[PDB]
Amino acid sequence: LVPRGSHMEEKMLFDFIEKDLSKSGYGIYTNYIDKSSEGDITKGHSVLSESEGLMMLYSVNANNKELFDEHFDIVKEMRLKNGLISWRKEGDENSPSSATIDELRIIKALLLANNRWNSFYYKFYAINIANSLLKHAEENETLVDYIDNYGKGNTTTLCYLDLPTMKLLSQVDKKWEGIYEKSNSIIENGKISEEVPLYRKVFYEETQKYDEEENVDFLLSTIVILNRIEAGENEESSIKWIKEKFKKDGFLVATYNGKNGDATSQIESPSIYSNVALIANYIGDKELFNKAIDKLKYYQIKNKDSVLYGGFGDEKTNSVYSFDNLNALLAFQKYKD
């Protein structure tokens, strides 16, 4: 009953990300190794604003203003002439393109930071980004995924529709209510089936229709589900489906058949388990939460002699993805034992 080694997993994982996947003043690397042997992967030590946005969310949750500011300073330098944050940098070069989901994740961290630390600067900077999203990515109240200096795409991935950020934005300015309402309508009209109450992957603004994939991308649906509930919307049937599936298979994998709900992949991911844990945390489901956390504990590299100690990835090849590690850090942050 006296806690022993509380927050150990979080510490180990933060230590790995800070010492082994980061460079001071530069940011969080996308992969542990910049170039794989044989050259298949080549930009491992680029920095994604995805990674930075995740670390900012973690910092505000951790009430760590110093760490928050250190990653926000890197993001400010990734800002492009259109007001959006670049998707990626390599050394000193920013990519001229942006993804809506990264912009919205950063706006969310900034608005949370303003609420937490009473610092208007974060809020004003978030507004600049948000106004640029409206100017550059919006079409009939729908935000499209992709934006560069020449124009924008015409597809909307449902996991990009960050309802919680749009809700926060609506509290600052009413123009965001229409965006929230359209986004939520896209989500609500995109259920896969009654048997498998997960979500479509993409919405096509031109036809107002969804993809027709037979398989559900599970990670993406967990993102949509987490977004829905944090914004106060209803996900009772989807969460039941996840809880039943996790209970019956004993694991969750990358894809399921949209008709009958059978696993169609053998691949597990720390990002899937992270999201399931964040969902369970949010709704107060302790059993689901522990089940998801147990998977993350199991896959975390526990070997003190591995350079990957504390992290997630393949010990044999030193293959590591920042995205899985950062999502795991967010889940372990909720784990109090």
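From 1 onward, residues are counted along the sequence shown.
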Going by the average Cα B-factor in the PDB entry, point out whether 59-67 or 36-44 comes out higher. 36-44
Segment of higher mean CA temperature factor, 195-203 or 172-180: 172-180
Between 306, 275, 31, 49, which one tops the list for C-alpha B-factor in the PDB entry? 306
Options 103, 262, 214, 73 - largest CA temperature factor per the record: 214
Going by the CA temperature factor in the PDB record, which third of the chain does residue 293 belong to: lowest, middle or highest? middle
Against its chain's modelled residues, does residue 280's Cα B factor rank lowest, middle or highest third? middle
Can you tell me which third, lowest, middle or highest, the CA B-factor of residue 149 falls into for its chain? highest
Going by the entry, which third of its chain does the Cα temperature factor of residue 237 land in? middle
Third of the chain, ranked by Cα B-factor, where residue 8 sits: middle
